[PDB]
Chemist: 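Let me give you the structure first, and then I'll get to my questions.
In what follows, chains are A, B, ... by sequence order, proteins preceding strands, each numbered from 1.
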Protein chains: 2
Amino acid sequence: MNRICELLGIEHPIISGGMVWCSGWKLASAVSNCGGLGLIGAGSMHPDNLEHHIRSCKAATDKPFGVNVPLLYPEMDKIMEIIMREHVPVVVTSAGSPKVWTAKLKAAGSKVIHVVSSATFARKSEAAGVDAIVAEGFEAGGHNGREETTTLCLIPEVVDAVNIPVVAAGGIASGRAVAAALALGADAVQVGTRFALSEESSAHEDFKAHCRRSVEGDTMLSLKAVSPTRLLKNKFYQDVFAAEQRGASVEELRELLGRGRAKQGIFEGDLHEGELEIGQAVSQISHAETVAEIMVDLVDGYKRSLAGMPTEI
Amino acid sequence: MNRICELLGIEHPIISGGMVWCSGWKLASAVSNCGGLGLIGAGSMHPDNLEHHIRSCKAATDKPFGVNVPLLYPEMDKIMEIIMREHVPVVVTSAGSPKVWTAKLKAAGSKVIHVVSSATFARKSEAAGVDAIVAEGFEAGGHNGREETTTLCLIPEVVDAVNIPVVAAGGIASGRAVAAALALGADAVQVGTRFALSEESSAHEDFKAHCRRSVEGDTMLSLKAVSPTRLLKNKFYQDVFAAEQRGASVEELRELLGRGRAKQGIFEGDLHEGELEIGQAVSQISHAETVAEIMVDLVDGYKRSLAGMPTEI
Ligand SMILES: Cc1cc2nc3c(=O)[nH]c(=O)nc-3n(C[C@H](O)[C@H](O)[C@H](O)COP(=O)(O)O)c2cc1C
Ligand SMILES: Cc1cc2nc3c(=O)[nH]c(=O)nc-3n(C[C@H](O)[C@H](O)[C@H](O)COP(=O)(O)O)c2cc1C
Ligand code: NA
Ligand code: NA
Ligand code: NA
Ligand code: NA
Ligand code: NA
Ligand code: NA
């Protein structure tokens, strides 16, 4: 068995990334039903709503699903209590220390996966007792690592650094890229952007449609002095860029960033003032599609990509 | 049959990228004698010196070789005359319009390849009549495209956009990355950083030893307001970073950049004031090695990568 398939009890080594405003039970349960692992994105859910999405996912699928928890989540104790009482099969943690919750989640029966952006942090997660890690490259949508290491340079270094399974994230929007990730030595892939634009994603339809119109170079890893974030170059980004060019302080950039822009953009469709988080691979997606269409494409595309490789060079 | 092998008449689809201060005839002839395509880097050579390196290369290998010419080269008429008279088999142009010289080089018997960093420019180069393109990602060493597209995101877009062969550059330092490039649909790879640190490279021993000590995150795409360039975060970089943080104008940044820092760093081993151009993949290289050793590792590493891949997912 592929190491991730066996670890998580899934048919295909494809995980849908936990994404604020996108990863409702509808997206997560559809990915799980298609044989991958769908993740609910707790980052955008108050505890009561999180519990509802877990229950709805549980009703909609008999297959494993998980919850992604950014560790800066403001009511952590409440959502951890929920996640352990609901026996969530897989928990994916990011943006914080894996030492805090890993042993407790594992004692409660969850498999634990932590998101990292370097070999050094991959090693610290392995030492913390996680079951696997996601190594996320520069091209990924949303908050990314300060080192700016791309998927192609990150994966071989991370898989040489640890003995536990490694999931590649950042730039995986096709069967070819799934093959490239397994060629580099990852056991599986985590797909964000392509699933964020799927029919089942909870993102606003105006957000999805706007993302489909974007072209190469429309995203930029930005706000680096506050927290590097990859987003579409919209009006909000332009304000940030003008501020950075004038030598704005961290406090000025923080004031401009303000609060709630990701919700306003991704969930509510404010394409001017929103923080439009999306990966570089957005430029590959041109029309609406369902989770099942994407899953079939990633699986069948992998097969064709691999079959067309020369036996040697 | 591999499209680049057949176009260029070489055994392995591996090209050493033209690199200022590194790609002398010793590096270029050694790569070509190992079955790839070694490029001479004309960017760092006055016209008489360039003629010397072409002639020493021809004396050292009976196999195909090429010359890399950045199109900002100050005495362009003199060096094209030399390249044409010597009938260089392959000419790789970068940093300028492929319309200026392509038709003339082809009329003189050279294969012409142009370096691009977007699918849009790939198409413009194809319209200009080039024989193939190199598509160079964000992680590459030296001057990169302003879109900051990574190799993983750039290759499948470029390959879908043109009918001519595509060589992937940026992040290729192992057989696993060669397998990744080919999985994305590239025909061949161009390897810069790993060859820049080889025994045969003309770069200063202190520069090579210094690159070997560096770790993930030690490079940064910088000077973006002037011309984006990926280099090691040395004292020069810190001066640039401090000036960008205070809102320096473009003229202030040009003044700081000055002239000849790339030669001082790469060729003369000035690790403090030099512009240490090198790719993110530098962190995978730990010790000195020859071109023959690199070529064998790339070829055998490719087969090992395939051995690790499941036929279907
Ligand atoms: C809109 C959006 C929201 C995201 N929110 C989160 C999140 O809440 N927690 C997290 O760990 N990663 C988050 N991510 C990162 C994704 O889980 C995933 O790792 C990334 O999107 C993968 O790269 P890709 O976009 O190139 O597919 C988000 C990504 C996007 C595009
Ligand atoms: C030290 C150095 C000098 C370079 N000089 C040139 C150059 O003169 N012309 C050019 O087209 N590219 C140049 N490059 C880019 C390389 O040709 C190549 O495309 C890049 O190194 C490939 O990415 P990699 O470093 O990750 O292998 C240089 C790269 C480096 C590291
Ligand atoms: Na991210
Ligand atoms: Na490993
Ligand atoms: Na599109
Ligand atoms: Na470059
Ligand atoms: Na093509
Ligand atoms: Na090293």
Chemist: Taking the side chain as every heavy atom from C-beta outward, state whether B/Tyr237 and B/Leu232 have any pair of such atoms under 4.5 Å apart.
Modeler: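 No - every pair of side-chain heavy atoms lies 4.5 Å or more apart.
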Chemist: Has the side chain of B/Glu126 got a donor or acceptor atom that lies under 3.5 Å from a matching backbone atom of B/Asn163?
Modeler: yes
Chemist: When you measure from the side chain of A/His12 to the backbone N and O of B/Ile313, does any donor-acceptor pair fall under 3.5 Å?
Modeler: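 At least one qualifying donor-acceptor pair exists.
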Chemist: Carefully, step by step, assess B/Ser23 and B/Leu39 under the rule side chain to side chain contact (heavy atoms under 4.5 Å, CB included).
Modeler: CA-CA 7 Å; B/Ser23 300; B/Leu39 296 179; 5.7 Å; no
Chemist: Taking B/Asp131 for the side chain and B/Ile113 for the main chain, is one N or O donor matched with an acceptor at less than 3.5 Å?
Modeler: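 Judged by distance alone, no pair lies under 3.5 Å.
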Chemist: Under a 4.5 Å cut-off applied to non-hydrogen side-chain atoms, are B/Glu293 and B/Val296 in contact?
Modeler: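 A side-chain contact is absent here, since even the closest heavy-atom pair is not under 4.5 Å.
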Chemist: Please say which of B/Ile79, B/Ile40, B/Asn49 ends up in a side chain to side chain contact (heavy atoms under 4.5 Å, CB included) with B/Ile54.
Modeler: B/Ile40
Chemist: Using a cut-off of 6.0 Å, state whether more than 12 heavy atoms not belonging to A/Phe121 lie near its atom CZ.
Modeler: no
Chemist: Considering all heavy atoms of both residues, which atom of B/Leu152 and which atom of A/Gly170 are nearest to each other, and what is their separation?
Modeler: CD2-O, 3.4 Å
Chemist: Any side-chain heavy atom of B/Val282 sitting closer than 4.5 Å to one from B/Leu197?
Modeler: yes
Chemist: Can you measure from OH (A/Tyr302) to CG (A/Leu182) and round to the nearest 0.5 angstrom?
Modeler: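 Spacing of OH (A/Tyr302) from CG (A/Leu182) equals 5.0 Å.
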Chemist: Shortest non-hydrogen contact from B/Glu147 to B/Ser118?
Modeler: OE2-CB, 3.7 Å
Chemist: Do any N or O atoms from the side chain of B/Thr102 and from the backbone of B/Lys99 form a donor-acceptor pair under 3.5 angstrom?
Modeler: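 Checked: no pair found.
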Chemist: Just verifying a value: how many Å separate B/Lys111 NZ and B/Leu7 CG, rounded to the nearest 0.5 Å?
Modeler: 5.5 Å
Chemist: Might you work through the side chain to side chain contact (heavy atoms under 4.5 Å, CB included) test for B/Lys63 and B/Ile10, ending with a clear yes or no?
Modeler: CA-CA 8 Å; B/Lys63 297 274 174 36; B/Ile10 57 180; over 6 Å; no
Chemist: Can you find a pair of side-chain heavy atoms, one from B/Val191 and one from B/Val178, that are under 4.5 Å apart?
Modeler: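 Heavy-atom side-chain distance check fails, nothing below 4.5 Å.
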Chemist: For the residue pair A/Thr120 / B/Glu216, report whether a side-chain donor-acceptor contact shorter than 3.5 Å exists.
Modeler: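 A pair is found: one side chain offers a donor N or O, the other an acceptor, under 3.5 Å apart.
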Chemist: Inspect the surroundings of CD in B/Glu6 and state if more than 12 heavy atoms from other residues, nucleotides or ligands are less than 6.0 Å away.
Modeler: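 No.
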Chemist: Any donor and acceptor pair, going by atom type alone, linking the side chain of B/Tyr73 with main-chain N or O of B/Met45 inside 3.5 Å?
Modeler: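 Yes; at least one donor-acceptor contact below 3.5 Å.
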Chemist: So for atom NZ, which belongs to B/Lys26, do other residues, nucleotides or ligands contribute more than 12 heavy atoms lying within a distance under 6.0 Å?
Modeler: no
Chemist: Mind checking the CD1-CD spacing from B/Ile266 to B/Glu277? Nearest 0.5 Å is all I need.
Modeler: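 Answer rounded to 0.5 Å: 4.5 Å.
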Chemist: Examine distances only and state if a side-chain atom of B/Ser44 and a backbone atom of B/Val20 form a donor-acceptor pair shorter than 3.5 Å.
Modeler: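 Looks like no, no N/O pair under 3.5 Å.
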Chemist: May I ask you to test the B/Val291-B/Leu27 pair for a side-chain heavy-atom distance under 4.5 Å?
Modeler: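 Yes, side chains in contact.
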Chemist: When you measure from the side chain of B/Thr193 to the backbone N and O of B/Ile278, does any donor-acceptor pair fall under 3.5 Å?
Modeler: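 Not at all, since once roles are kept as given, no pair shorter than 3.5 Å links the two residues.
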Chemist: State the NE2-NE2 distance between B/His204 and B/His210, to the nearest 0.5 angstrom.
Modeler: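 So the NE2 of B/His204 and the NE2 of B/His210 are separated by 13.5 Å.
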Chemist: Please find the pair of heavy atoms, one from B/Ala95 and one from B/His114, that lie closest to each other, and give the distance.
Modeler: N-CE1, 4.5 Å
Chemist: Measure across A/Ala177 and B/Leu184 and return the closest heavy-atom pair with its distance rounded to 0.1 Å.
Modeler: CA-CD2, 3.7 Å
Chemist: Under 3.5 Å, side chain of B/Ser32 to main-chain N/O of B/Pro64, donor-acceptor pair present?
Modeler: yes
Chemist: Are any side-chain N or O atoms of B/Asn68 and backbone N or O atoms of B/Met19, one a donor and one an acceptor, separated by less than 3.5 Å?
Modeler: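 Such a contact is absent between B/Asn68 side chain and B/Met19 backbone.
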Chemist: Going by an N to O cut-off under 4.0 Å, is there a salt bridge joining A/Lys303 and A/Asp300?
Modeler: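 No, this pair does not count.
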Chemist: Would you mind reporting whether B/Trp25 and B/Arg55 have side-chain heavy atoms less than 4.5 Å apart?
Modeler: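 No, every pair of side-chain atoms sits at 4.5 Å or beyond.
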Chemist: Is it the case that over 12 heavy atoms from other parts of the model lie below 6.0 angstrom from the NZ atom of B/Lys106?
Modeler: yes
Chemist: Given the rule in the side chain to side chain contact (heavy atoms under 4.5 Å, CB included) test, do B/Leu105 and B/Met80 qualify, once you have shown the distances and angles that lead to the verdict?
Modeler: CA-CA 8 Å; B/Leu105 289 170; B/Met80 296 295 184; 4.0 Å; yes
Chemist: Does the pair B/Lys224/B/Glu148 count as a salt bridge with the N-to-O cut at 4.0 Å?
Modeler: yes
Chemist: Between B/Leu71 and B/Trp101, is a side chain to side chain contact (heavy atoms under 4.5 Å, CB included) present by the stated rule, with each step listed?
Modeler: CA-CA 9 Å; B/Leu71 292 171; B/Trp101 295 101; 3.8 Å; yes
Chemist: Heavy atoms, side chains only, cut-off 4.5 Å: are A/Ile14 and A/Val299 in contact?
Modeler: yes
Chemist: For A/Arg123, does the CZ atom have more than 12 heavy-atom neighbours from other residues, nucleotides or ligands under 6.0 Å away?
Modeler: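 No, because the 6.0 Å sphere around CZ of A/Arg123 holds 12 heavy atoms or fewer from other groups.
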Chemist: Looking at B/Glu139 and B/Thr151, would you say the former's side chain and the latter's main chain have a donor-acceptor pair under 3.5 Å?
Modeler: yes
Chemist: Ignoring hydrogens, what is the shortest heavy-atom contact between A/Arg194 and A/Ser174? Give both atom names and the distance.
Modeler: NH1-CA, 4.0 Å
Chemist: Would you call B/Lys208 and B/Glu205 a salt bridge, using N to O less than 4.0 angstrom?
Modeler: yes
Chemist: So B/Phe267 and B/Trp21, would you call those rings parallel, tilted or perpendicular, with 30° and 60° as cut-offs?
Modeler: tilted
Chemist: Mind jotting down which residue pairs meet the salt bridge (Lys or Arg N to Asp or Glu O under 4.0 Å) criterion with at least one end in residues 159-171 of chain B? Sequence neighbours excluded, please.
Modeler: A/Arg176-B/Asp160
Chemist: Taking side chain as C-beta onward, heavy atoms only, is A/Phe195 less than 4.5 Å from A/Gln190?
Modeler: no
Chemist: Please round to the nearest 0.5 Å and tell me the distance separating atom OG1 of A/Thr149 and atom CD1 of A/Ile155.
Modeler: 10.5 Å
Chemist: Starting at CG of A/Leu221, measure out to CG of A/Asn144 and round the result to the nearest 0.5 Å.
Modeler: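 The CG atom of A/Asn144 is 5.5 Å from CG of A/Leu221, to the nearest 0.5 Å.
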Chemist: Could you tell me which non-hydrogen atom of B/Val159 sits nearest to which non-hydrogen atom of B/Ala186, and how far apart they are?
Modeler: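 What the structure gives for the nearest pair is CG2-N, 3.9 Å.
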